[PDB]
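Shown below: entry.cif, with mmCIF, C-alpha atoms and all ligand atoms.
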```
data_my_file
loop_
_atom_site.label_atom_id
_atom_site.label_comp_id
_atom_site.auth_asym_id
_atom_site.auth_seq_id
_atom_site.Cartn_x
_atom_site.Cartn_y
_atom_site.Cartn_z
CA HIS A 30 125.31 176.00 86.29
CA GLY A 31 124.26 177.76 89.43
CA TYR A 32 124.07 177.74 93.21
CA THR A 33 121.82 178.89 96.01
CA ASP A 34 122.41 182.26 97.59
CA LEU A 35 119.42 182.03 99.96
CA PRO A 36 120.14 180.34 102.30
CA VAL A 37 123.72 180.97 101.17
CA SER A 38 125.50 177.76 100.16
CA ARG A 39 128.99 176.62 101.01
CA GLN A 40 130.24 177.18 97.50
CA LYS A 41 129.03 180.76 97.62
CA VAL A 42 130.51 181.52 101.04
CA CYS A 43 133.80 180.24 99.61
CA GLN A 44 133.49 182.52 96.54
CA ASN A 45 132.29 185.61 98.37
CA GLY A 46 135.22 186.01 100.75
CA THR A 47 133.44 184.84 103.85
CA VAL A 48 135.43 181.62 104.14
CA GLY A 49 139.01 181.32 103.04
CA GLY A 50 141.04 178.30 101.95
CA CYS A 51 138.42 176.47 99.85
CA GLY A 52 140.50 175.87 96.74
CA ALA A 53 139.21 175.80 93.14
CA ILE A 54 135.56 176.37 94.10
CA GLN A 55 136.21 179.94 94.98
CA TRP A 56 136.47 180.83 91.22
CA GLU A 57 133.45 178.78 90.10
CA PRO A 58 130.74 178.33 92.72
CA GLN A 59 128.30 177.47 89.89
CA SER A 60 130.07 174.23 89.00
CA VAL A 61 128.94 171.70 91.70
CA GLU A 62 127.42 169.21 89.25
CA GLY A 63 127.02 165.49 89.75
CA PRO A 64 124.75 162.62 88.81
CA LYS A 65 121.01 163.11 89.28
CA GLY A 66 118.62 160.79 91.10
CA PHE A 67 119.46 161.61 94.74
CA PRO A 68 119.13 159.87 97.13
CA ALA A 69 118.93 156.51 95.38
CA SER A 70 121.70 157.50 93.03
CA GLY A 71 123.81 160.69 92.86
CA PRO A 72 127.04 161.55 94.70
CA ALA A 73 128.41 159.08 97.26
CA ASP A 74 127.99 159.71 101.00
CA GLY A 75 130.59 162.14 102.18
CA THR A 76 130.84 163.79 98.76
CA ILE A 77 127.31 165.17 98.53
CA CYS A 78 128.19 168.85 99.06
CA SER A 79 131.00 168.60 96.47
CA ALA A 80 128.80 166.59 94.04
CA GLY A 81 131.61 164.02 93.91
CA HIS A 82 134.35 166.45 92.73
CA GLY A 83 137.64 165.90 94.52
CA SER A 84 138.69 169.43 93.51
CA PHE A 85 135.73 170.79 95.59
CA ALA A 86 136.24 168.45 98.61
CA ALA A 87 136.48 171.41 100.99
CA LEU A 88 132.70 171.73 100.61
CA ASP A 89 132.15 168.29 102.17
CA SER A 90 134.13 168.91 105.34
CA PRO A 91 132.16 169.35 108.57
CA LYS A 92 134.19 172.56 109.21
CA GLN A 93 135.45 175.37 107.03
CA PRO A 94 139.03 174.87 105.77
CA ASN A 95 140.61 176.61 108.83
CA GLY A 96 138.81 174.25 111.21
CA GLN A 97 136.29 176.76 112.50
CA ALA A 98 132.55 176.16 112.17
CA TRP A 99 130.95 177.01 108.86
CA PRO A 100 129.08 180.31 108.98
CA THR A 101 125.34 179.85 109.22
CA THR A 102 122.16 181.63 108.17
CA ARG A 103 119.69 182.03 111.06
CA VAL A 104 116.23 180.71 110.14
CA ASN A 105 112.88 180.27 111.85
CA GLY A 106 111.33 176.83 111.69
CA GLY A 107 107.83 176.52 110.31
CA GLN A 108 107.99 179.95 108.62
CA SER A 109 107.83 180.72 104.91
CA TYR A 110 111.19 181.56 103.33
CA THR A 111 112.45 182.71 99.92
CA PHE A 112 114.85 180.17 98.48
CA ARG A 113 116.97 181.71 95.75
CA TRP A 114 119.26 180.39 93.02
CA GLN A 115 121.67 182.36 90.87
CA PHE A 116 122.42 180.77 87.51
CA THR A 117 125.29 181.27 85.07
CA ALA A 118 123.64 178.84 82.57
CA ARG A 119 119.78 178.56 82.67
CA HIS A 120 119.18 174.97 81.62
CA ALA A 121 115.79 173.39 81.02
CA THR A 122 114.87 172.08 84.45
CA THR A 123 113.07 169.02 85.81
CA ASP A 124 112.75 170.13 89.46
CA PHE A 125 114.16 171.71 92.60
CA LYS A 126 114.17 169.74 95.85
CA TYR A 127 115.22 170.90 99.29
CA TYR A 128 116.20 168.54 102.14
CA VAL A 129 117.08 169.18 105.76
CA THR A 130 119.16 167.26 108.31
CA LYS A 131 117.50 165.29 111.12
CA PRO A 132 117.76 165.95 114.83
CA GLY A 133 120.91 164.32 116.13
CA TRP A 134 122.68 164.27 112.75
CA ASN A 135 126.41 163.66 112.75
CA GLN A 136 127.95 167.14 112.61
CA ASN A 137 131.50 165.75 112.88
CA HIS A 138 131.89 163.87 109.59
CA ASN A 139 131.18 164.66 105.93
CA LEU A 140 127.41 164.96 105.21
CA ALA A 141 125.74 161.71 104.27
CA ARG A 142 122.26 160.35 103.51
CA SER A 143 121.97 159.05 107.10
CA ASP A 144 122.15 162.69 108.29
CA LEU A 145 119.29 163.82 106.09
CA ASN A 146 115.55 163.54 106.16
CA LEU A 147 115.35 162.03 102.69
CA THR A 148 111.78 163.26 102.01
CA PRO A 149 112.31 166.83 100.79
CA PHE A 150 110.55 169.51 102.80
CA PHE A 151 109.93 171.58 99.65
CA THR A 152 109.74 170.45 96.02
CA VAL A 153 109.18 172.52 92.85
CA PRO A 154 108.32 170.49 89.75
CA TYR A 155 109.47 172.77 86.88
CA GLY A 156 108.08 171.12 83.75
CA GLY A 157 111.22 171.30 81.59
CA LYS A 158 111.18 175.08 81.57
CA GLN A 159 114.21 177.40 81.75
CA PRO A 160 114.46 179.35 84.96
CA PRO A 161 115.19 183.10 85.04
CA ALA A 162 118.85 183.96 85.84
CA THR A 163 117.79 184.65 89.45
CA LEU A 164 114.99 182.35 90.68
CA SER A 165 113.25 183.06 93.95
CA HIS A 166 110.50 180.79 95.25
CA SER A 167 108.72 180.43 98.58
CA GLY A 168 108.70 177.30 100.72
CA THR A 169 107.96 176.58 104.32
CA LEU A 170 110.93 175.79 106.51
CA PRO A 171 110.75 172.50 108.47
CA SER A 172 109.58 172.54 112.08
CA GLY A 173 110.83 170.63 115.09
CA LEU A 174 114.49 171.59 114.68
CA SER A 175 117.02 173.54 116.69
CA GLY A 176 120.71 174.45 116.38
CA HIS A 177 123.00 173.78 113.43
CA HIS A 178 121.40 172.02 110.47
CA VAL A 179 122.17 171.71 106.76
CA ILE A 180 119.74 172.41 103.95
CA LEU A 181 120.62 170.55 100.74
CA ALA A 182 119.29 172.03 97.53
CA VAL A 183 119.23 169.88 94.45
CA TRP A 184 118.56 171.24 90.95
CA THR A 185 117.85 168.49 88.41
CA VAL A 186 118.46 169.33 84.77
CA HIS A 187 116.01 168.18 82.11
CA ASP A 188 117.21 165.72 79.42
CA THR A 189 120.48 165.04 81.21
CA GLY A 190 121.87 162.74 83.80
CA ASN A 191 122.95 165.67 86.00
CA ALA A 192 121.98 167.79 88.97
CA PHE A 193 123.55 170.66 90.92
CA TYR A 194 124.06 170.25 94.62
CA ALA A 195 124.28 173.04 97.18
CA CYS A 196 124.65 172.55 100.95
CA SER A 197 123.77 175.51 103.16
CA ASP A 198 124.53 175.76 106.88
CA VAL A 199 121.63 177.13 108.91
CA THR A 200 120.75 177.63 112.56
CA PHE A 201 117.18 176.91 113.62
CA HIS B 30 102.57 172.39 62.95
CA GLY B 31 103.80 171.67 59.48
CA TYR B 32 103.61 169.46 56.41
CA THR B 33 105.83 168.10 53.67
CA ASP B 34 106.12 169.99 50.42
CA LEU B 35 108.67 167.58 48.89
CA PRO B 36 107.26 165.18 47.85
CA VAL B 37 104.16 167.37 48.09
CA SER B 38 101.60 165.99 50.55
CA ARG B 39 97.86 165.67 50.17
CA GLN B 40 97.18 168.45 52.62
CA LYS B 41 99.38 170.79 50.61
CA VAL B 42 97.88 169.89 47.24
CA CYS B 43 94.50 170.68 48.83
CA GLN B 44 95.77 174.08 50.09
CA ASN B 45 97.65 175.07 46.96
CA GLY B 46 94.77 174.91 44.50
CA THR B 47 95.82 171.73 42.78
CA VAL B 48 92.94 169.68 44.17
CA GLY B 49 89.55 171.14 44.91
CA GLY B 50 86.82 170.02 47.31
CA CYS B 51 88.97 169.01 50.31
CA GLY B 52 87.11 170.92 53.01
CA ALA B 53 88.66 172.52 56.12
CA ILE B 54 92.21 171.33 55.36
CA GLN B 55 92.56 173.78 52.56
CA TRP B 56 92.94 176.66 55.12
CA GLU B 57 95.31 174.81 57.48
CA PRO B 58 97.50 172.18 55.84
CA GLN B 59 99.83 172.39 58.88
CA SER B 60 97.26 170.92 61.27
CA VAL B 61 97.33 167.11 60.59
CA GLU B 62 98.27 166.13 64.15
CA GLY B 63 97.49 162.86 65.87
CA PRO B 64 98.88 160.50 68.47
CA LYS B 65 102.53 159.50 68.17
CA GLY B 66 103.94 155.97 68.21
CA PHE B 67 103.05 154.80 64.68
CA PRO B 68 102.62 152.02 63.73
CA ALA B 69 101.97 150.35 67.08
CA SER B 70 99.86 153.27 68.18
CA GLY B 71 98.81 156.45 66.33
CA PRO B 72 95.83 157.03 64.03
CA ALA B 73 93.55 154.10 63.19
CA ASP B 74 93.78 152.35 59.80
CA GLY B 75 91.93 154.33 57.22
CA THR B 76 92.51 157.61 59.07
CA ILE B 77 96.29 157.75 58.82
CA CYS B 78 96.50 160.54 56.22
CA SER B 79 94.00 162.65 58.23
CA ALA B 80 95.72 161.81 61.56
CA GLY B 81 92.29 160.74 62.85
CA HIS B 82 90.53 164.10 62.18
CA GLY B 83 87.08 163.64 60.71
CA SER B 84 87.22 167.24 59.46
CA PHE B 85 90.25 166.24 57.27
CA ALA B 86 88.77 162.89 56.05
CA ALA B 87 89.21 163.90 52.41
CA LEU B 88 92.92 163.23 52.90
CA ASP B 89 92.27 159.55 53.61
CA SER B 90 90.28 158.82 50.48
CA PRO B 91 91.98 156.75 47.76
CA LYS B 92 90.94 159.47 45.24
CA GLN B 93 90.79 163.24 45.32
CA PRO B 94 87.36 164.62 46.30
CA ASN B 95 86.08 164.72 42.66
CA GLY B 96 86.86 161.02 42.20
CA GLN B 97 89.88 161.48 39.97
CA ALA B 98 93.29 160.09 40.93
CA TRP B 99 95.37 162.14 43.32
CA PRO B 100 98.12 164.05 41.54
CA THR B 101 101.52 162.46 41.96
CA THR B 102 105.17 163.46 42.12
CA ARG B 103 107.36 161.41 39.75
CA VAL B 104 110.34 159.89 41.58
CA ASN B 105 113.23 157.58 40.74
CA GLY B 106 113.70 154.56 42.95
CA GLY B 107 117.05 154.06 44.59
CA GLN B 108 118.09 157.70 44.04
CA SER B 109 118.82 160.33 46.66
CA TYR B 110 116.03 162.87 47.17
CA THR B 111 115.50 166.05 49.20
CA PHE B 112 112.59 165.63 51.59
CA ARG B 113 111.29 168.98 52.76
CA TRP B 114 108.99 170.19 55.52
CA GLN B 115 107.49 173.63 55.95
CA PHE B 116 106.62 174.52 59.53
CA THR B 117 104.27 177.14 60.99
CA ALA B 118 105.36 176.18 64.55
CA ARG B 119 108.93 174.76 65.00
CA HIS B 120 108.53 172.41 67.94
CA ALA B 121 111.34 170.52 69.64
CA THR B 122 111.50 167.30 67.66
CA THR B 123 112.17 163.64 68.44
CA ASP B 124 112.45 162.34 64.85
CA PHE B 125 111.29 162.22 61.24
CA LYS B 126 110.38 158.87 59.69
CA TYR B 127 109.41 158.14 56.11
CA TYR B 128 107.50 155.00 55.01
CA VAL B 129 106.51 153.72 51.59
CA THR B 130 103.72 151.42 50.38
CA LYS B 131 104.45 147.83 49.35
CA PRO B 132 104.05 146.32 45.91
CA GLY B 133 100.45 145.27 45.46
CA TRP B 134 99.08 147.67 48.09
CA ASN B 135 95.35 148.30 48.09
CA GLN B 136 94.93 151.52 46.09
CA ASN B 137 91.12 151.36 46.31
CA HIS B 138 90.51 151.87 50.04
CA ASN B 139 91.76 154.33 52.66
CA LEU B 140 95.49 153.85 53.44
CA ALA B 141 96.20 151.38 56.21
CA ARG B 142 99.18 149.72 57.92
CA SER B 143 98.73 146.61 55.74
CA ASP B 144 99.53 148.80 52.70
CA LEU B 145 102.79 150.06 54.13
CA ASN B 146 106.25 148.69 54.59
CA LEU B 147 106.32 149.42 58.30
CA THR B 148 110.14 149.69 58.51
CA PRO B 149 110.82 153.29 57.45
CA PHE B 150 113.10 153.69 54.46
CA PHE B 151 114.61 156.88 55.93
CA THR B 152 114.79 158.00 59.57
CA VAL B 153 116.24 161.21 61.05
CA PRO B 154 116.75 161.14 64.82
CA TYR B 155 116.60 164.86 65.78
CA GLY B 156 117.73 164.94 69.42
CA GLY B 157 115.00 167.23 70.79
CA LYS B 158 116.16 170.14 68.68
CA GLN B 159 113.97 172.73 66.94
CA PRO B 160 114.01 172.49 63.18
CA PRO B 161 114.42 175.56 60.93
CA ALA B 162 111.12 176.86 59.44
CA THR B 163 111.99 175.04 56.20
CA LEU B 164 113.85 171.74 56.74
CA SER B 165 115.40 169.93 53.83
CA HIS B 166 117.22 166.62 54.30
CA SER B 167 118.49 163.95 51.94
CA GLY B 168 117.37 160.32 51.95
CA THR B 169 117.52 157.51 49.47
CA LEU B 170 114.25 156.55 47.83
CA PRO B 171 113.26 152.86 48.10
CA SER B 172 114.04 150.51 45.23
CA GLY B 173 112.00 147.72 43.71
CA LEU B 174 108.85 149.77 43.16
CA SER B 175 106.84 150.90 40.17
CA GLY B 176 103.63 152.88 39.57
CA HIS B 177 101.53 154.71 42.15
CA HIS B 178 102.81 154.53 45.72
CA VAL B 179 102.34 156.62 48.87
CA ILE B 180 105.12 158.02 51.01
CA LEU B 181 104.03 158.65 54.61
CA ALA B 182 106.05 161.21 56.53
CA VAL B 183 105.76 161.27 60.28
CA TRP B 184 107.13 164.09 62.45
CA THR B 185 107.22 163.20 66.15
CA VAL B 186 107.23 166.07 68.60
CA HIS B 187 109.47 165.95 71.66
CA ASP B 188 107.86 165.93 75.15
CA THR B 189 104.38 165.37 73.75
CA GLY B 190 102.13 162.55 72.79
CA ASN B 191 101.76 163.89 69.24
CA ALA B 192 103.04 163.57 65.69
CA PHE B 193 102.22 165.14 62.33
CA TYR B 194 101.26 162.90 59.47
CA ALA B 195 101.63 163.67 55.78
CA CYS B 196 100.79 161.28 52.92
CA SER B 197 102.29 162.05 49.52
CA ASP B 198 101.29 160.38 46.26
CA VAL B 199 104.27 159.42 44.10
CA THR B 200 104.90 157.49 40.90
CA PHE B 201 107.98 155.28 40.77
CU CU A 301 125.10 174.31 83.57
CU CU A 302 112.87 167.73 76.67
CU CU A 303 102.52 172.56 66.15
#
```
Mind turning this structure into structure tokens?
Amino acid sequence: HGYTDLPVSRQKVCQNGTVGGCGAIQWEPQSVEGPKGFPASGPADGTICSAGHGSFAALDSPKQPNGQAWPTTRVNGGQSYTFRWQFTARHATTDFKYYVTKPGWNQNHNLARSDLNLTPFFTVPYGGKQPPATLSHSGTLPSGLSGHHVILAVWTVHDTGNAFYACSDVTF
Amino acid sequence: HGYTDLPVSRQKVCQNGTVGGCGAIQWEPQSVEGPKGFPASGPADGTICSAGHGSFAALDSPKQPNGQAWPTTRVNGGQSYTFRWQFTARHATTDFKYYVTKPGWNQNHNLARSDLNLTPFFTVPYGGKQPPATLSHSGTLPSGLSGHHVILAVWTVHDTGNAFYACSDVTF
């Protein structure tokens, strides 16, 4: 159980007071768990950011619950960046993978595989080890992007069929 | 790292003073480690009880180093028995399997697959968990046997290619 707080994920902006109206997620931003094996398996298109949980469907919407744009973290393409997770349960881990949207992605529907560059821009094989409660690691942000984009962080848990999914809105 | 002390294994009778002349094993009865996947893979025939270690070859001999019979533990066929391991390192574990020799096995050469009933008489799937430093579990001894037999205990370590092998001489 955990989420990304750098770049801050939708579940965390719902918990932290930045976005109102998100429903159940606001009490448990750590809980966005779904099947592993993205993109071949894992949550269905349009339910990626909620990991398939109907109770967390606000996270999949292209807008925050009030219809305004999601808040974004400003980032610089091609620059190193600290990606950070906060965990409430530090499970043995297979890997962390980070994906970005493609130029021209559909910003007006729920995020889907067709919006994403499905080769991760940053991968951390983790060898079955247990992360610290706050894990910070450096990766290089993708180049060639401008404007609103989504970074999808996927944490795959060792000796399970599960992964945690965290969509973060960024501006390149 | 570990060995069986019930029924007492060859490496432990070498360490405990019961059998002299065994070489390096007497200082490290916990160390009889070889490839997993017995019987299809694992130590070669004639090196099973040493797990393939030339330095522990005394364990594979049909006699103790002085040429006398190995000491044996008297057991009753068809009766429940406490099998016990002592560990010096409590690794995450896949399983424990226990095998017995067949009637008419070749008592005059180094133990081989052809001497063994290769369906274990007792198996403990362990789910990747770490055993306690002393693990005792109950299994039913095979029936239909008399005289000198060998019980082979195999401890397979999770997320490795390795297992620990321990041959014990018994009398049915
Ligand atoms: Cu968890
Ligand atoms: Cu494991
Ligand atoms: Cu060990």
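Distance check against residue 137 in chain A using all atoms listed in the file: of A:77, A:195, A:164, A:98, the minimum falls on A:98.
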Original post:
For chain A, which residues have at least one atom within 12 Å of chain B, if we go by only C-alpha atoms? Write them as a PyMOL selection string, please.
Top reply: chain A and resi 121+156-158+187-189
Subject >> Atomic separation - CA of residue 36 in chain A relative to CA of residue 104 in chain A, Å >> reply: 8.8 Å
**OP:** Excluding range 109-115 of chain A and residues on its chain fewer than 3 positions from it, collect all residues at most 7 Å away from it, counting only C-alpha atoms, and give them as a PyMOL selection string.
**Re:** chain A and resi 31-36+162-170
Original post:
Near residue 107 in chain A, counting only C-alpha atoms, which residues have an atom at most 12 Å away, once you skip same-chain residues fewer than 6 positions from it, shown as a list in words?
Top reply: residues 150, 151, 168, 169, 170, 171, 172, 173, 174, 175 and 201 of chain A
Original post:
Do you know which residues are at most 10 Å from residue 45 in chain B counting all atoms listed in the file, after dropping those on the same chain fewer than 3 positions away, and could you put them as a VMD selection string?
Top reply: chain B and resid 39 to 42 48 to 49 55 to 56 58
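Neighbouring residues of residue 181 in chain B at 10 Å or closer, counting only C-alpha atoms and skipping chain neighbours under 5 positions away, are residues 33, 36, 38, 77, 78, 126, 127, 128, 129, 130, 140, 145, 149, 194, 195, 196, 197 and 198 of chain B.
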